[PDB]
């Protein structure tokens, strides 16, 4: 519910066309054999949305029996992303139950909806139909959009830098230091000094703490004030008169400044 709503407000397309694809057994979806084979036979320069259940997932957030109720629920969310994205065309490269989901949305959106797959999403006929619908001139840096979207999702900000690492372990670098990196364990971005510094400045996702030596844990009693918008598993930036750091909130911003373990410390800067 939270994922859906937050991703929807942070969703920013770079194309007027969106490609719909089937979810896969292996995740994150971009590393699956099907998605790799597809992107291998056709240069994809339009936005992508992976249809799954119950999750509808724009490719940019992929790192964070089709009953009536299920088709209805998935169609509802898929429609939201299509309309929020303001696409002029929707290319549905999916089959069976997935087409039923898309078929539900087609009748409610202004966008043109074309179907390019019948039986096999990877057949020579399907890839030719697909190419004829999304063929594009140059290229797009999908990795940068993904990292930018995760920053937006988690902190409501964006940042520039060099994109590095092997997918899905991407990083954003500035100078010769990392600004952020994908944490495959927690499925979110870990941030470093410059960003945490920026968040501290704008006083967002910040928590003021007592003047004690920080070591691993910060209990609620050690928290002076905290951003009320802070939710449990959120990355927060704590600080006092001598240091500031990065950690994982264990409780809401309300519980901290209220009345257990408040933050699991990842690192700190002098």
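Residue numbers count along the first chain shown, from 1.
In the deposited entry, the stretch joining residue 259 to residue 260 is interrupted by 1 to 3 residues of the deposited sequence lacking coordinates. Deposited sequence between residue 30 and residue 31: no residues lack coordinates (chain continuous). In this entry, 65-73 shows the higher mean Cα temperature factor of the pair 43-51 and 65-73.
For the pair 110-118 and 74-82, the record assigns the higher mean C-alpha temperature factor to 110-118. When the C-alpha B-factors of 174, 190, 193, 103 are ranked from the entry, the top spot goes to 174.
When the C-alpha B-factors of 26, 239, 59, 225 are ranked from the entry, the top spot goes to 225. Ranked by Cα temperature factor within the chain, residue 95 sits in the middle third according to the deposited record.
Among all modelled residues in this chain, the alpha-carbon of residue 138 has a temperature factor (C-alpha) in the highest third. Sort the modelled residues of the chain by CA B factor and residue 198 lands in the middle third. For residue 251, the recorded CA temperature factor ranks within the highest third of the chain's modelled residues. Residue-level temperature factors show residue 125 in the highest third of its chain, judged at the C-alpha atom.
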